[PDB]
Amino acid sequence: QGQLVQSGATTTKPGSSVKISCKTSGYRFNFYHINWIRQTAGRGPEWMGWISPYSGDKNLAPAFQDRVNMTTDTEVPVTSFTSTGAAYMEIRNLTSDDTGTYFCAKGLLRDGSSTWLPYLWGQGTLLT
Amino acid sequence: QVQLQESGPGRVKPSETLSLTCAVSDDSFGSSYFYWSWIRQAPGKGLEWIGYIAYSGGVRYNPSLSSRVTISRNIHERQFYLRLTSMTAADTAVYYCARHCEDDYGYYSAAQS
Amino acid sequence: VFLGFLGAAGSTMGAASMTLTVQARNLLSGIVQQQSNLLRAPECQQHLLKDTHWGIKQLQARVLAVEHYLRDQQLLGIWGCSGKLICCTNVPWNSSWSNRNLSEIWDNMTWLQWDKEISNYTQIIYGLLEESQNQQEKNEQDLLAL
Amino acid sequence: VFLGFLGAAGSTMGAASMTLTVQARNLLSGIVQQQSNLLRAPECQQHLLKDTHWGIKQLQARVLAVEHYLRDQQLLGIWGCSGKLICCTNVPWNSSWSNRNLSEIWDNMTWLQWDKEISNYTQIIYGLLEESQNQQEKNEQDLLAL
Amino acid sequence: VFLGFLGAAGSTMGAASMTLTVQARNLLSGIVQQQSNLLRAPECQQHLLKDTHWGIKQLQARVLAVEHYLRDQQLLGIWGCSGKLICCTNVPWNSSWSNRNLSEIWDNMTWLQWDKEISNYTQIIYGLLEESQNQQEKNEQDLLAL
Amino acid sequence: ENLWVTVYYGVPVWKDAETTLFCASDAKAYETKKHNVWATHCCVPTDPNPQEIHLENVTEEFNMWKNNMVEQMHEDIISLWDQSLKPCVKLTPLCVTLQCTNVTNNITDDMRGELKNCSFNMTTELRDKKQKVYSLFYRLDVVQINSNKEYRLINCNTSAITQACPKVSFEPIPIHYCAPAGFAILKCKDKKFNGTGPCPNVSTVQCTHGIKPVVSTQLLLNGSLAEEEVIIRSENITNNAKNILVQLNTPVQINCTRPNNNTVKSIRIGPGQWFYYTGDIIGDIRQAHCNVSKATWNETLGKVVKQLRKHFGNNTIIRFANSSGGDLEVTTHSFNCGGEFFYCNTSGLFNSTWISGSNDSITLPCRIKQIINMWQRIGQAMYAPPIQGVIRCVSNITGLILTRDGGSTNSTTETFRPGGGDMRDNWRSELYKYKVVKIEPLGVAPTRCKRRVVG
Amino acid sequence: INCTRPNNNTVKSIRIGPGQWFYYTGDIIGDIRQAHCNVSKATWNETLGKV
Ligand SMILES: *[C@@H]1O[C@H](CO)[C@@H](O[C@@H]2O[C@H](CO)[C@@H](O[C@@H]3O[C@H](CO[C@H]4O[C@H](CO[C@H]5O[C@H](CO)[C@@H](O)[C@H](O)[C@@H]5O)[C@@H](O)[C@H](O)[C@@H]4O)[C@@H](O)[C@H](O[C@H]4O[C@H](CO)[C@@H](O)[C@H](O)[C@@H]4O[C@H]4O[C@H](CO)[C@@H](O)[C@H](O)[C@@H]4O)[C@@H]3O)[C@H](O)[C@H]2NC(C)=O)[C@H](O)[C@H]1NC(C)=O
Ligand SMILES: *[C@@H]1O[C@H](CO)[C@@H](O[C@@H]2O[C@H](CO)[C@@H](O[C@@H]3O[C@H](CO[C@H]4O[C@H](CO[C@H]5O[C@H](CO)[C@@H](O)[C@H](O)[C@@H]5O)[C@@H](O)[C@H](O[C@H]5O[C@H](CO)[C@@H](O)[C@H](O)[C@@H]5O)[C@@H]4O)[C@@H](O)[C@H](O[C@H]4O[C@H](CO)[C@@H](O)[C@H](O)[C@@H]4O)[C@@H]3O)[C@H](O)[C@H]2NC(C)=O)[C@H](O)[C@H]1NC(C)=O
Ligand SMILES: *[C@@H]1O[C@H](CO)[C@@H](O[C@@H]2O[C@H](CO)[C@@H](O[C@@H]3O[C@H](CO[C@H]4O[C@H](CO[C@H]5O[C@H](CO)[C@@H](O)[C@H](O)[C@@H]5O)[C@@H](O)[C@H](O[C@H]5O[C@H](CO)[C@@H](O)[C@H](O)[C@@H]5O)[C@@H]4O)[C@@H](O)[C@H](O[C@H]4O[C@H](CO)[C@@H](O)[C@H](O)[C@@H]4O)[C@@H]3O)[C@H](O)[C@H]2NC(C)=O)[C@H](O)[C@H]1NC(C)=O
Ligand SMILES: *[C@@H]1O[C@H](CO)[C@@H](O[C@@H]2O[C@H](CO)[C@@H](O[C@@H]3O[C@H](CO[C@H]4O[C@H](CO[C@H]5O[C@H](CO)[C@@H](O)[C@H](O)[C@@H]5O)[C@@H](O)[C@H](O[C@H]5O[C@H](CO)[C@@H](O)[C@H](O)[C@@H]5O)[C@@H]4O)[C@@H](O)[C@H](O[C@H]4O[C@H](CO)[C@@H](O)[C@H](O)[C@@H]4O)[C@@H]3O)[C@H](O)[C@H]2NC(C)=O)[C@H](O)[C@H]1NC(C)=O
Ligand SMILES: *[C@@H]1O[C@H](CO)[C@@H](O[C@@H]2O[C@H](CO)[C@@H](O[C@@H]3O[C@H](CO[C@H]4O[C@H](CO[C@H]5O[C@H](CO)[C@@H](O)[C@H](O)[C@@H]5O)[C@@H](O)[C@H](O)[C@@H]4O)[C@@H](O)[C@H](O[C@H]4O[C@H](CO)[C@@H](O)[C@H](O)[C@@H]4O)[C@@H]3O)[C@H](O)[C@H]2NC(C)=O)[C@H](O)[C@H]1NC(C)=O
Ligand SMILES: *[C@@H]1O[C@H](CO)[C@@H](O[C@@H]2O[C@H](CO)[C@@H](O[C@@H]3O[C@H](CO[C@H]4O[C@H](CO)[C@@H](O)[C@H](O)[C@@H]4O)[C@@H](O)[C@H](O[C@H]4O[C@H](CO)[C@@H](O)[C@H](O)[C@@H]4O)[C@@H]3O)[C@H](O)[C@H]2NC(C)=O)[C@H](O)[C@H]1NC(C)=O
Ligand SMILES: *[C@@H]1O[C@H](CO)[C@@H](O[C@@H]2O[C@H](CO)[C@@H](O[C@@H]3O[C@H](CO[C@H]4O[C@H](CO)[C@@H](O)[C@H](O)[C@@H]4O)[C@@H](O)[C@H](O[C@H]4O[C@H](CO)[C@@H](O)[C@H](O)[C@@H]4O)[C@@H]3O)[C@H](O)[C@H]2NC(C)=O)[C@H](O)[C@H]1NC(C)=O
Ligand SMILES: *[C@@H]1O[C@H](CO)[C@@H](O[C@@H]2O[C@H](CO)[C@@H](O[C@@H]3O[C@H](CO)[C@@H](O)[C@H](O[C@H]4O[C@H](CO)[C@@H](O)[C@H](O)[C@@H]4O)[C@@H]3O)[C@H](O)[C@H]2NC(C)=O)[C@H](O)[C@H]1NC(C)=O
Ligand SMILES: *[C@@H]1O[C@H](CO)[C@@H](O[C@@H]2O[C@H](CO)[C@@H](O)[C@H](O)[C@H]2NC(C)=O)[C@H](O)[C@H]1NC(C)=O
Ligand SMILES: *[C@@H]1O[C@H](CO)[C@@H](O)[C@H](O)[C@H]1NC(C)=O
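Sequence order for the protein chains is D, H, B, B', B'', G and G'. A prime marks a further copy of an entry chain.
Going by the authors' numbering, the letters in the first sequence line up with residues 1 to 52, 52A, 53 to 72, 72A to 72H, 73 to 82, 82A to 82C, 83 to 100, 100A to 100F, 101 to 110, in that order.
Going by the authors' numbering, the letters in the second sequence line up with residues 1 to 35, 35A to 35B, 36 to 82, 82A to 82C, 83 to 100, 100A to 100H, in that order.
Sequential numbering from 518 applies to the third sequence in the authors' numbering.
Sequential numbering from 518 applies to the fourth sequence in the authors' numbering.
Sequential numbering from 518 applies to the fifth sequence in the authors' numbering.
Going by the authors' numbering, the letters in the sixth sequence line up with residues 32 to 143, 152 to 185, 187 to 309, 312 to 321, 321A, 322 to 397, 409 to 507, in that order.
Going by the authors' numbering, the letters in the seventh sequence line up with residues 294 to 309, 312 to 321, 321A, 322 to 345, in that order.
Laid out in structure tokens, this is it:
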């Protein structure tokens, strides 16, 4: 029932920082987590990190621990059980190996063991 | 309600002032959320809403005749009146006083009109 | 630590089901202070109830509250669940009501949106609930006619 | 198919005992519509209760109904049968009350003429019912004084 | 032979615990005669309740009585002891409340001076009583989330 | 094995409901007021500390226009007014013909026939034998029925009149409205969130905050202020039909004084001393007025038109110059101060660049009536007893009541006039954040567990 | 049974108390006829017979 819209794609030369925006709707943005994952061209795709829109606690892979800054905009209420929000993703040092497809996803359940597990994905974006 | 007795001068000279009276019988006046309007009808043509006075106080008239129309409401006298200054031959028409109730709440003992 | 009255209204159904006593208490500790009439005993006798129909009107509001309590305790009674806050029944769950799995229901949904999703079939479920007991009534009936 | 409210009043005691939930419901769904005050909330505020003592008088009638419910639930409570509609007790059946056999009672008599035949000894049976529990109270008393 | 209403108020706690049904009855047989309104049905219609606010005032007193009953039955309900007059719980007895041994309590003290000695910690005990159930709620919660 | 239904008692579930609220007075006993204050002395005391339980994650829809808590409070205020008026002295025999003449306004004051000197050929009993007394009457209270300076009090041929007891006080005190158990009051605590819509931030309360029943018509007085930006409230349609509600973030101050030094006279009417009146003024003859700092009112009006083009959404011509009236209660800021009822010309506040400026503080002329028809439908009018000495009250102006003149002229026309809206709108102005719901604590859900064993 | 009062009453003597408070009967307009009720003689004789 929810939807995850992603920002427009753009190519920037290595060395500079960038920002991806993932806009939400069709659910309660503070209920489910937000995951960011990359599909590497030539190798296996790797999970990058997740952050809670409500708790604000963030946990990243050690492969992107000191290279990624996540931020979650405060949700905007729509219905009695639907809100809209914005999730932002950032990289500090750019390189040629950073080229690949990127996706933003939401959580499956609110509690339990499969809380932060990606469930609903965005359309994706392409890089340098 | 069913007895809205009108009174006044059916004969007015030009450049004078036309005052009219509309008396209500069934005391639905004191009930809130009631709008009491003055309406005229030119023969052959359609009907034109002149002005309305609210349960709190007269809010608006018609923009064409806004400065020359004044609707008063004598609470205790059980009536409400209309005044129209600078009477012209174009204002020669048939005048009525009509009632209607709009409820933002829809919260009453019965259904209103 | 306890979130307070209706605190888990936005929590998962499992979390609210853990603090249902909290919601149960506001049925009694609103009505303990009013029946007390201890702070009401002396203030101008019985809060001057002569020529004050608001006093009677107030009283009628108190009546509606205890009347609602009696409605819920009656329903728990005719379902054979009077003494317990959580009881299991014999009625099987017809899938047409909701198709959601258990994990999605108890760890992904709140009681509000659940009650909104099932408000359509509540009467049917109550009918099975009033009916199913009737098979227990009948088993006791077999034990009665020997 | 269910005969309706008080439908089995002329049926055998066994048949009515099968549809006691039906008679149980009219204790609640008369009083759910009145406590609702949803159709009463807007009609001339609270049905003009000022200078109308019929309104209070009406209210007193509603009070009597919930008061009667509380009398029956109290009796089920002090007999240790609160949660159940059919409960068995420890009181033996003294034959002086009625000499009729089981088949003649449950397959030949209605609850009306039964209640009329036993209205004479109802108080005595209630006394044994209030008394017999007291031996359970005493067994729990043995478990209390160790 | 039964000492009568509140007869064992000066007896040892064990003796009163044997006749708790006696004290339980005055909750119902004061309110059966008033809800009856049989001797009230004909006397000047409904005891002239027009221009007599004592009639409404009287009625409000009747309301307070059934309201107090509902408070006690609610407490028995949320402690899972609705159907029984004597129930054992899971809450352990903290010695800070009273240091007296069992023999001194049940064969040397009356319920009055006991209730006076423990009125200080009643709220704490009720809190453990509302809390302890919550571990039963949680065990049923384990059975719910499978 | 399979899935089975299980009963849950006490689930956090609620539905929109209208129920009977009750009154509550702050637990001061109001001993420093000398009588009862809206007869709310006899009203359940508030808890020493109220319990407000925040509800994490909860988003609920509010509607201040469909709240009905407003209609309930409105009827409660009306009925309290009647309950306080019932035992007081009704001036039915005082509608005798009066012989009145005009008396001069002072040469420092606008020459108006105002405060009329009236003699009474009325007899009370045979004992009086048509005593002749004189009283001072404001012009609005009297009408010239027949010529030769013959007069009667207005309304006397339409309806009866009753005199407010001198002892009872009209000062509004904070009243907390409480819901019974099984019902609840939901409070939206988002400060910027407009009046209606889904509130992401919801708390639950047993009783609302202290709401003062301020009787007002044009501008709201002594209310509560919205935090951060001011708030503007219309209905969904927004097209010349509703009444614009305004809630300010900063209060303006308004001082209203009646300089006339009134006294007492014509005491006994009925068996015993039963009626108060106005003796001759002592000292100068000054007309009532109210000042409002011209600087602050120009700033506040500026921020208002900024927020008007904000909620409007479209640049458009928004004027204030004009103002239109029905009756009296919409042309004048009607309100109550110390027991006297003031009616004020607001044209200086609602013009176009009216300042310069021209005054340090804008001054508004206010006339005074002792005969008022607020909640007196058709039948029973009220006489406010005269107040001895000079009158002066300071009021917080927290809100406003406006009305548009929407007109499809391609954004050319759009004029906002100070309507004299109903008093219920005043209650909506403070009940916008609250809402009444009933708890439905019964939830059934499947957990695949069955009570196989019976008994 | 049809019951008619043929007299064409009006209104008069309005104000008694403070304000117009009392209704009365003006002079009749038209003929002076006394009130009456008809009942079909056939049907009433049949009904009395069955009674
Ligand atoms: C979204 O939802 C959230 C969740 O509900 C909302 O957050 C809530 O907001 C409430 C209002 O702001 C807040 O209420 C606070 O209550 C606290 C404790 O309540 C007691 O005390 C206050 C008075 O406080 C004083 O006393 C306490 C001790 O009792 C001291 O600790 C304080 O420092 C004060 O000295 C009483 O009124 C209550 O009845 C209780 O007895 C308070 O701490 C707090 O007071 C502060 O804020 C007040 C304004 O709201 C202010 O008047 C008061 O003086 C305090 O201000 C501090 O800072 C100023 C800075 O200048 C300083 O001058 C003062 O001296 C003081 O140090 C509140 O009253 C809820 O607790 C809060 N709940 C949560 C979970 O966050 C949120 O509002 C809402 N927002 C939106 C936009 O939707
Ligand atoms: C309102 O709605 C929101 C929905 O958004 C809801 O938030 C959910 O809250 C529930 C619980 O109330 C969560 O459900 C459980 O969460 C368990 C995890 O809790 C721990 O881990 C969190 C993640 O930390 C990661 O990152 C850190 C680095 O920062 C890293 O070290 C960790 O190892 C981990 O990778 C953490 O946020 C959380 O909070 C505390 O700790 C962090 C630091 O770690 C601190 O910053 C916080 O401020 C805070 O102090 C805590 O540490 C999760 O494990 C659990 O799943 C199973 O595991 C546990 C065992 O740990 C089992 O006991 C459990 O039963 C499960 O089987 C379960 O998922 C849920 O995740 C939230 N959802 C979110 C945030 O989206 C609110 O509660 C709602 N509130 C109301 C009132 O309704
Ligand atoms: C009001 O009071 C009256 C009292 O007069 C009461 O009527 C009693 O109703 C109860 C049930 O409600 C009856 O009790 C049971 O009846 C079982 C018999 O039911 C079947 O058989 C009937 C007899 O048919 C005979 O004749 C046909 C030829 O016409 C023949 O083929 C049959 O084999 C048989 O010999 C029959 O009337 C009945 O009704 C349907 O069928 C007939 C056609 O057969 C049709 O014409 C009818 O219109 C109707 O469609 C039905 O077919 C009886 O067997 C049973 O005893 C045991 O057997 C069954 C197994 O069959 C067990 O399940 C059961 O538990 C028993 O152990 C039992 O006696 C009782 O007989 C009635 N008494 C009468 C009529 O005097 C009303 O119900 C009361 N109502 C209320 C609301 O209180
Ligand atoms: C108000 O407060 C007072 C407190 O003062 C309280 O009195 C207590 O009452 C309880 C019972 O209600 C007593 O508790 C039990 O008493 C048992 C003894 O009862 C028998 O023995 C009594 C003593 O008789 C001695 O003397 C005679 C010679 O006179 C001699 O032959 C006997 O062998 C014995 O030595 C006796 O008074 C009593 O009364 C009847 O009999 C006498 C004649 O004997 C007659 O004169 C009296 O008028 C009366 O008819 C009776 O005979 C005691 O045994 C028991 O302890 C255990 O033993 C029994 C088995 O016998 C077990 O069944 C029992 O469960 C115990 O395990 C227990 O102590 C208590 O002693 C009283 N305390 C006093 C008097 O100080 C009132 O009851 C209170 N009332 C209320 C309403 O609260
Ligand atoms: C919005 O909020 C504002 C908040 O301020 C409201 O404005 C307030 O209104 C109330 C009620 O109208 C006012 O209360 C009045 O205060 C008056 C103040 O008078 C003072 O002086 C009097 C005379 O002084 C002499 O006598 C005393 C002894 O009595 C000597 O000590 C003194 O030295 C002098 O010799 C004093 O009598 C009085 O105590 C004050 O000190 C009072 O006079 C007034 O009492 C009259 O009204 C009572 C109620 O009807 C009545 O019972 C009395 O008998 C008497 O007739 C009353 O207490 C607030 O003063 C006023 N606040 C201000 C001005 O700042 C506002 O009403 C509210 N709503 C709206 C719509 O604006
Ligand atoms: C609204 O208008 C009223 C008028 O109705 C004003 O009330 C009057 O106030 C004046 C003061 O401005 C009063 O005049 C003064 O009265 C004093 C008290 O007199 C009483 O007490 C004395 C002492 O026991 C008795 O002997 C006497 O009989 C009275 O019972 C006098 O002491 C004053 O005299 C002194 O001062 C004057 C100058 O003021 C000197 O010339 C004298 O020689 C002497 O030294 C003075 O007479 C007047 O009495 C009040 N009227 C009434 C009816 O009492 C209100 O003050 C006004 N409102 C406000 C807010 O001001
Ligand atoms: C019970 O009794 C009452 C009497 O109190 C009857 O009411 C009267 O009814 C008669 C008709 O039978 C009325 O007489 C007619 O009035 C018409 C209306 O007059 C008003 O409207 C005109 C037009 O605007 C005004 O100019 C005028 O000033 C009035 O305000 C007239 O139009 C009639 O005149 C025409 O008809 C007559 C013949 O009927 C011709 O001779 C004329 O030339 C002209 O063509 C006529 O005058 C009378 O006015 C009523 N009385 C009152 C006080 O109003 C009730 O009808 C009766 N009950 C029943 C059931 O009949
Ligand atoms: C409506 O107008 C009235 C004026 O008639 C106005 O009332 C006054 O408001 C001020 C607030 O600015 C009150 O003053 C404060 O009162 C509190 C409560 O006791 C005190 O704690 C404050 O002292 C602290 O703050 C001062 C600076 O504001 C510091 O200088 C001081 O050292 C303390 O730190 C302060 O005194 C004032 O009491 C009222 N007046 C009366 C009579 O109550 C009211 O604010 C206006 N309405 C609104 C909604 O603003
Ligand atoms: C308060 O503001 C809300 C939000 O702007 C208004 O509701 C909006 O109304 C417009 C026009 O009908 C819609 O396009 C929006 O979708 C509505 N939003 C929400 C959240 O309801 C509401 O009408 C305003 N109430 C006032 C001004 O009294
Ligand atoms: C009116 O508002 C709409 C929506 O915000 C905007 O697109 C449009 O440009 C505005 N037009 C004018 C004239 O303000």
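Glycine included, every Cβ here is placed at the ideal spot set by N, Cα and C.
Quick one: list the residues of chain B neighbouring residue i, beta-carbon separation under 9 Å, in chain order.
{"i": "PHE72H/D", "result": "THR627, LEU629, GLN630, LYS633"}
Applying a beta-carbon distance threshold of less than 8 Å, which residues of chain B' neighbour residue i?
{"i": "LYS655/B", "result": "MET535"}
Are the C-beta atoms of residue i and some chain B' residue less than 8 Å apart?
{"i": "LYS574/B", "result": "yes"}
{"i": "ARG588/B", "result": "yes"}
Tell me whether residue i sits in a helix, a strand or coil according to DSSP, three-state version.
{"i": "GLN432/G", "result": "strand"}
{"i": "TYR79/D", "result": "strand"}
{"i": "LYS155/G", "result": "strand"}
Along chain G, which residues have their Cβ under 7 Å away from the Cβ of residue i?
{"i": "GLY314/G'", "result": "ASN197, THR198, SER199"}
Does any C-beta atom of chain B lie closer than 8 Å to the C-beta of residue i?
{"i": "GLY531/B'", "result": "yes"}
What residues of chain B'' sit near residue i, judged by a beta carbon separation below 9 Å?
{"i": "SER599/B", "result": "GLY594, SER599, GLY600"}
{"i": "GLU560/B'", "result": "Result: empty, since nearest Cβ-Cβ is about 22 Å, beyond 9 Å."}
Candidates the options: which alpha carbon is nearest residue i's?
{"i": "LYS655/B", "options": "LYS574/B', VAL583/B', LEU602/B', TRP610/B'", "result": "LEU602/B'"}
{"i": "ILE439/G", "options": "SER274/G, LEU175/G, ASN185/G, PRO212/G", "result": "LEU175/G"}
Using the beta-carbon of each residue, which ones in chain D are nearer than 9 Å to residue i?
{"i": "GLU267/G", "result": "Simply none; closest approach about 17 Å."}
Notebook entry, point to check: Is the segment 109-129 of chain G in contact with the segment 278-295 of chain G, if contact means three or more CB pairs nearer than 8 Å?
Noted result: no
Notebook entry, point to check: Is the segment 612-630 of chain B' in contact with the segment 644-654 of chain B', if contact means three or more CB pairs nearer than 8 Å?
Noted result: no
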